[PDB]
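Listed here are the chains, written in short residue letters.
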Amino acid sequence: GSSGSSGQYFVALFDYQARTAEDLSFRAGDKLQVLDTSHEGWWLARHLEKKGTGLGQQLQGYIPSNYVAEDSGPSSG
């Protein structure tokens, strides 16, 4: 949506390898949607890009905001 249904999309500026399961991994240019922002640093986002290669273990998790940014996106469809 635009007003009602939330929608915060972020882009990964650089790569990041998650050490633990809780933490989510990604690469530079990975479309990630921020779900939870109850922490000035680690946000709960999910994988948007089509299924990866192989057997995906996790799709969402705690990811560093600094690593990503606000990538312009079409709110209305």
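Going by the header, the method for this PDB entry is solution NMR.

Engineer: Could you give me a rundown of the overall build of the chain, with the residues and numbers involved?
Structural biologist: When you go through the chain residue by residue, the secondary structure sums to zero helices and five strands. Ordered by position in the sequence, the α and β elements of the chain form the string β-β-β-β-β. A compact globule built from 77 residues would reach a C-alpha radius of gyration of about 11 Å, and the chain, at 12 Å, matches this within 12%. If one aligns the C-alpha atoms of the chain with their principal axes, the spans along those axes are about 35 × 30 × 20 Å. Burial analysis of the chain (77 residues in total) assigns 27% to the buried set. Within the chain, counting contacts between residues at least 6 apart in sequence, those at least 24 apart form 40% of the total. Carbon and sulfur atoms provide 47% of the accessible area of the chain, an area that totals close to 5800 Å².

Engineer: Any chance you could break down the packing of aromatic side chains for me, citing the residues and the numbers?
Structural biologist: Counted under the stated rule, the structure contains five aromatic pairs. Look at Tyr16 and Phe26: their rings are 5.3 Å apart centre to centre, the planes differ by 15°, and that puts the pair in the stacked class. Here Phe26 lies in the loop between strand 1 (8-12) and strand 2 (32-36) and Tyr16 lies in the loop between strand 1 and strand 2, a separation of 10 residues in the sequence. The exposure class of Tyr16 is buried, given its relative accessible area of 11%. You can call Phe26 buried: its relative accessible area is 3%.

Engineer: An account of the layout of surface pockets is needed here, citing residue identities and associated values.
Structural biologist: If you roll a probe as big as a water molecule over the atoms, it shows you where there is empty space left. Computed from the structure, the largest pocket encloses a volume of approximately 460 Å³. In this structure, the largest pocket is lined by 20 residues; those nearest its centre are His47, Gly56, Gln57, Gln58 and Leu59. Here the lining of the largest pocket is built from residues that sort into six nonpolar, nine polar and five charged. Within this model, the second largest pocket holds a volume of roughly 200 Å³. Forming the boundary of the second largest pocket are 13 residues, of which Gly7, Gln8, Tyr9, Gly73 and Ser75 lie nearest the centre. Of the residues belonging to the lining of the second largest pocket, the class tally is two nonpolar, nine polar and two charged.

Engineer: How would you sum up the sheet that holds strand 4 (residues 60-64)? Please name residues and give values.
Structural biologist: Note on sheets: strands pair through backbone hydrogen bonds, and any given pair is parallel or antiparallel. If you walk across this open sheet you meet the five strands as 4-3-2-1-5, and the pairing is antiparallel. Among the strands making up the open sheet, the edge pair consists of strand 4 and strand 5 (68-70). Across the sheet, the mean angle separating the axes of adjacent strands is 50° when strand polarity is ignored. Of the strand pairs in this sheet, strand 1 and strand 5 are connected by three bridges, and their pairing is antiparallel. By the bridge assignment for strand 5, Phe10 is matched with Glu70.

Calculation criteria
- Residues numbered from 1 in each chain as written, not as in the entry; some residues may be left out.
- Heavy atoms only, no water.
- Helix = DSSP H or I, 4+ residues; strand = E, 2+ residues; numbered from the N terminus.
- Rg over C-alpha atoms; globule rule 2.2 N^0.38 Å.
- Buried < 20%, exposed > 50% of the residue type's maximum accessible area, 1.4 Å probe, protein only.
- Contact = heavy atoms within 4.5 Å.
- Areas by Shrake-Rupley, 256 points an atom, 1.4 Å probe, with all protein chains shown as cover.
- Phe/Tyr/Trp six-rings, centres within 6.5 Å; stacked < 30°, edge-to-face > 60°.
- 1 Å grid on protein atoms, 1.4 Å probe; cavity = no way out; pocket = protein on both sides within 12 Å on 5 of 7 lines; lining within 4 Å.
- Points joined across faces, edges and corners; volume = space filled by probe spheres on them.
- Nonpolar A, V, L, I, M, F, W, Y, C, P; charged D, E, K, R; others polar.
- Pairing = 2+ DSSP bridges.
- Axes fitted to C-alpha atoms, helices over the stretch in contact; angles between N-to-C directions.

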